[PDB]
Amino acid sequence: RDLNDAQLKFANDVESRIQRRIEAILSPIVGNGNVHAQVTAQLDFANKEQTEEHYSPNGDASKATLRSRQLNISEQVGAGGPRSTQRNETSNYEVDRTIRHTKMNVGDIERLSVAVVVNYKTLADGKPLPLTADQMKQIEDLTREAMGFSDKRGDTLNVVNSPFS
Amino acid sequence: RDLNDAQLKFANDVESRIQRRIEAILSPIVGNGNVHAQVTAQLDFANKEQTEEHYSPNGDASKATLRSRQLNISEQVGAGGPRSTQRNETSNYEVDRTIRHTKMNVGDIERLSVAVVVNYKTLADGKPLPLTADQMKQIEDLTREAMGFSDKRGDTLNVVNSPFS
Amino acid sequence: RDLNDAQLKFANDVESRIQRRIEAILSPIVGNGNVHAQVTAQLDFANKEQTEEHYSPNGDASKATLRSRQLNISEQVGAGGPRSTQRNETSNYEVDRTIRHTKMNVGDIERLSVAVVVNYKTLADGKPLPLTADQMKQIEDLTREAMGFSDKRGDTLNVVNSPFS
């Protein structure tokens, strides 16, 4: 089981780099040792390939390309009446064509979850007090930008403020 | 039975890493030695392959691509009446096509279950008392983010608060 | 897992170069050590190929090229009346054609996120005060130009002003 052992080490490095990035950005604002963050990562390890072929529509006559055409009219009016109208048409077309071949990578990030806790000092000498809502929102925005939120990917973030021991 | 012996070791490492992650995040809030967590993991070890082929629909004329077409009208009005309308049409199309080949990985996580117990101190010198509902909710959210909840996957979490010995 | 280890190092260099560029441009305005910035990057590592083939339309007669043509009129007026008009036409065309083959690069930037924090001095000796809106807008514009905003790509920027410790 050598493959699984190496895979676990790779996932540890991804989380380690993100963890210290959040610590570094928030360290000056709150303090050197008043922030803690833990990051868990889910990685895709499957091998995938994809081939796509697309054709541009040519229903409209203005945007159509023709290689050959045949077109015959027959029309006989009779009096003394009959009207034997007749029409035949054959058309050949040259169409646009696009092909993309994609071989995806192994080790991408599928989803991330980060939890951050901050301390209660709030004062030089008085009793600890909760932080302001605006400051909490600023901290949330900064850690969100640091970690790389993507709503469509499915990221989750949770930050709580509580006293330390 | 060398394969099964190595498989058991791999499952132990996955649970070990998750266990200390929950301990580290919750250690400052409650204390150094006032938290205990145990993690059990179910791993998929089957070999799977999959091939998918998809075609884009072309029922609508506006989004259709044509290589050739034949179309003949015949229409004879007679008087003295008969109306022998006739129509023939033959069409050929060029269709989009996409192929993905996927070879899945061995050793993924199918489901996780974690149980966490926290202590009763609640006071410097008085008798132990239960923790607050808000603090319990914060602890639950933090451990959920640390462990990586996924509702569709089937994860289960249970946290209880009780005295220690 | 040697490929993933090297990939992580490459992403670190991209963020490192951008980080010091923002620091250098904003250093004289605010101060030597009154600015902090952290950059996270998402890189595409997939292998992709694409082939495109396009044909210019030739529906209009003025912009059409002909290699051969056949065209026969028959028209019989009878009196004592019948009018047996008849028309046949066959046309061949020479069409324009363009082919581009593209092999994309590996390691491009898909999206960037930067968070910047600035300090409160605002005075030589008095209490710290918030910076002006115009100065904040100037700082935002300068860091945006330094980092390389692209609206269609999906870039995100967040700058907040708060006291330091």
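Protein chains in written order, with the authors' numbering: chain A, 228 to 307, 354 to 438; chain B, 228 to 307, 354 to 438; chain HA, 228 to 307, 354 to 438.
Every residue gets a Cβ at the ideal spot worked out from N, C-alpha and C, and that includes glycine.
Checking contacts by CB at 8 angstroms: is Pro355(HA) closer than that to chain A? So yes, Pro355(HA) belongs to the interface.
To the nearest angstrom, how far is it from the Cα of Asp424(HA) to the Cα of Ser386(HA)? 12 angstroms
Which chain B residues sit within Cβ distance under 9 angstroms of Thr358(A)? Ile300, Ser301, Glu302, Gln303, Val304
Identify whether residue 328(A) lies in helix, strand or coil by the three-state DSSP scheme. There are no atomic positions for residue 328(A) here, as chain A continues from 307 directly to 354.
Specify the secondary structure class of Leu293(HA) as computed by DSSP and reduced to three states. strand
Can you list the residues of chain A that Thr278(HA) reaches, using a CB-CB cut of under 7 angstroms? Within chain A, the residues near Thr278(HA) are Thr371, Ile372.
Does DSSP classify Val387(HA) as helix, strand or coil? The answer is strand: DSSP assigns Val387(HA) an E or B state.
Residue-level contact to chain A via CB, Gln411(B), 8 angstroms cutoff: yes
Distance, Cα to Cα, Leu253(B) vs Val266(A)? 13 angstroms
Just to confirm, are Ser243(HA) and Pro255(A) a CB contact at a threshold of 8 angstroms? No, the pair does not count as a contact, with Cβ atoms beyond the cut-off.
Alpha-carbon spacing of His374(B) relative to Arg228(A), whole angstroms: Distance between the alpha carbons of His374(B) and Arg228(A): 25 angstroms.
For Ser283(HA), which residues of its own chain have a beta-carbon under 6 angstroms away from its beta-carbon, when the five flanking residues on both sides are left out? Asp369
Just confirm the distance between the C-beta atoms of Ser301(A) and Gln297(HA), as a whole number of angstroms; I'd bet it's less than 8 angstroms. About 16 angstroms separates the two Cβ atoms, so there is no contact after all.
Do you know whose CA, among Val304(B), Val379(B), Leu396(B), lies nearest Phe272(A)'s CA? Ranked by Cα distance from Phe272(A), the first of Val304(B), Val379(B), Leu396(B) is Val379(B).
Over what stretch of residues does the alpha helix (DSSP H) that includes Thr416(HA) continue unbroken? That run of the alpha helix (DSSP H) goes 406–420.
On the CB-based measure, 16 or more other CB atoms within 10 Å of its CB, does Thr416(A) come out buried or exposed? buried
Using the rule of at least 16 other Cβ atoms within 10 Å of the residue's Cβ for burial, across every protein chain shown, is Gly258(HA) buried or exposed? exposed
Neighbour flag for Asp271(A) against chain E, beta carbons, 8 angstroms: The structure shown contains no chain E; its protein chains are A, B and HA.
For a cutoff of 8 angstroms on Cβ pairs, would you count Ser386(B) as touching chain A? no
The region 230–243 of chain B: positions lying closer than 9 angstroms to chain A by Cβ: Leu230, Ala233, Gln234, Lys236, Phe237, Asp240, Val241
Beta-carbon proximity list for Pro403(B), same chain, < 8 angstroms, skipping 5 on both sides: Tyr393, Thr395, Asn434
Counting only C-beta atoms, is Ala291(A) closer than 8 angstroms to chain HA at any point? yes
If contacts are defined as beta-carbon pairs under 8 angstroms, then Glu276(B) and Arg294(B) qualify, I think. What distance do you get, rounded to the angstrom? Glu276(B) to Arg294(B), Cβ: 34 angstroms. No contact.
Would you mind sorting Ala233(B) into buried or exposed? The rule is 16 or more other CB atoms within 10 Å of its CB. When all chains shown are included, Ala233(B) counts as exposed.
Residues from the region 389–420 of chain A in contact with chain B, defined by Cβ distance under 7 angstroms: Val390
For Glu276(A), which beta-bridge partners are listed by DSSP? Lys376(A), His374(B)
Same chain only: Cβ atoms within 6 angstroms of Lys290(A), ignoring 5 sequence neighbours per side: none
Whole runs of the beta strand (DSSP E) within the region 230–276 of chain A, excluding any shorter than 3 residues: Listed in chain order, the beta strand (DSSP E) runs fully inside the region 230–276 of chain A are 262–271, counting runs of at least 3 residues.
Measure the C-alpha to C-alpha separation of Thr371(HA) and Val241(HA) and round it to an integer number of angstroms. 37 angstroms
Are the CB atoms of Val432(A) and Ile412(A) within a distance shorter than 8 angstroms? yes
Would the C-beta of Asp229(B) count as close to the ligand ADP, meaning under 7 angstroms from any of its heavy atoms? Among the components modelled here there is no ligand, and therefore nothing to report on the ligand ADP.
Would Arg384(B) and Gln269(B) be called neighbours here (beta carbons separated by less than 8 angstroms)? yes
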